[PDB]
Amino acid sequence: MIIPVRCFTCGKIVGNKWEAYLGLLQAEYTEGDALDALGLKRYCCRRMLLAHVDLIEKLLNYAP
Amino acid sequence: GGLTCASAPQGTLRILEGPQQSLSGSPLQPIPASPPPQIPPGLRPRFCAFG
Ligand SMILES: [Zn+2]
């Protein structure tokens, strides 16, 4: 639904790299370069953003 | 002055309309076969050890 606040395996905080991730992808950067530029070194964190599906943007479209 | 049976026909013709076959080219697929999954060029390591 919404970005998890902390990576499940480690506990690293990834809930503040969602908008930065989206901004570096709009600038032309690959998902690899983008996840690198955010400080997500170990692949447990990289999967937390790489495979996130933002469904809070589709629920926030039906009437109040 | 009536109609009488005449001589038996000597043959029969059966007509049908038929078109012909073209050359065998056998063009199986636009982009054919199962194209293989493959390596992204260069790639580079996306991880390092500590120290
Ligand atoms: Zn992690």
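What counts, and at which threshold
- Residues numbered from 1 in each chain as written, not as in the entry; some residues may be left out.
- Chains lettered and ligands numbered in written order.
- Part of a larger assembly, values for the part shown.
- Heavy atoms only, no water.
- Helix = DSSP H or I, 4+ residues; strand = E, 2+ residues; numbered from the N terminus.
- Buried < 20%, exposed > 50% of the residue type's maximum accessible area, 1.4 Å probe, protein only.
- Polar contact = N/O pair within 3.5 Å; in protein donor to acceptor, adjacent residues only side chain to side chain.
- Contact = heavy atoms within 4.5 Å.
- Donors = N, O, S within 2.8 Å, 3.2 Å for Na, K, Ca; no water.
- Tetrahedral: all angles 85-135°; square planar, octahedral: opposite > 155°, others 65-115°.
- Patch = residues over 30% accessible without salt bridge, like charges linked within 9 Å, V, L, I, M, F, W, Y side chains within 5 Å.
- Areas by Shrake-Rupley, 256 points an atom, 1.4 Å probe, with all protein chains shown as cover.
- Salt bridge = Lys/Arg side-chain N within 4 Å of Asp/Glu carboxyl O.
- UniProt positions renumbered as here; feature names shortened; annotations may be inferred.

Sorry, what's going on with the side chain of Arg46 of chain A here?
Locating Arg46 of chain A in the fold gives a position in helix α3 (residues 43-50). In this structure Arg46 of chain A comes out as buried when scored by relative accessible area, which is 11%. In terms of polar contacts, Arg46 of chain A uses its side chain to reach the backbone carbonyl oxygen of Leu40 of chain A, at 3.3 Å. Ignoring any residue separated from it by four or fewer positions in sequence, one finds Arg46 of chain A in contact with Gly32, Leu35, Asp36, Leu40 and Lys41 of chain A together with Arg46 of chain B.

In this structure, what is going on with the coordination of the zinc ion? I would like to understand it.
Four donors placed tetrahedrally around a metal ideally meet at 109.5 degrees, and six donors placed octahedrally ideally meet at 90 or 180 degrees. Only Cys7 of chain A (SG), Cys10 of chain A (SG), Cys44 of chain A (SG) and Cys45 of chain A (SG) from the protein reach the zinc ion as donors, at distances of 2.3 to 2.6 Å. Coordination at the zinc ion comes from 4 donor atoms whose angles at the metal span 87 to 127 degrees, giving a geometry best classed as tetrahedral.

Any chance you could explain a nonpolar patch on the surface here in plain terms?
Nonpolar side chains collect at one region of the surface, where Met1, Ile2, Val53, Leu55 and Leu59 of chain A lie side by side and expose about 480 Å² of accessible area between them. Checked against the element boundaries, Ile2 of chain A lands in the segment before α1 (18-26).

Whenever I open this one, the UniProt feature "binding site: Zn(2+)" in chain A confuses me. Can you help?
Residue and element names in this part refer to chain A. Per the UniProt record, the feature "binding site: Zn(2+)" sits at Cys7, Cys10, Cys44 and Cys45. The annotated residues occupy 39 residues of the chain but converge on a single region, no pair of C-alpha atoms lying more than 7.8 Å apart. Tracing the backbone through its elements, the reader meets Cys44 in helix α3. For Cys44, the contacting residues outside a window of four places in its chain are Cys7, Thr9 and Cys10. Topologically, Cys45 is positioned in helix α3. Classification of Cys45 by relative accessible area gives buried; the value is 0%.

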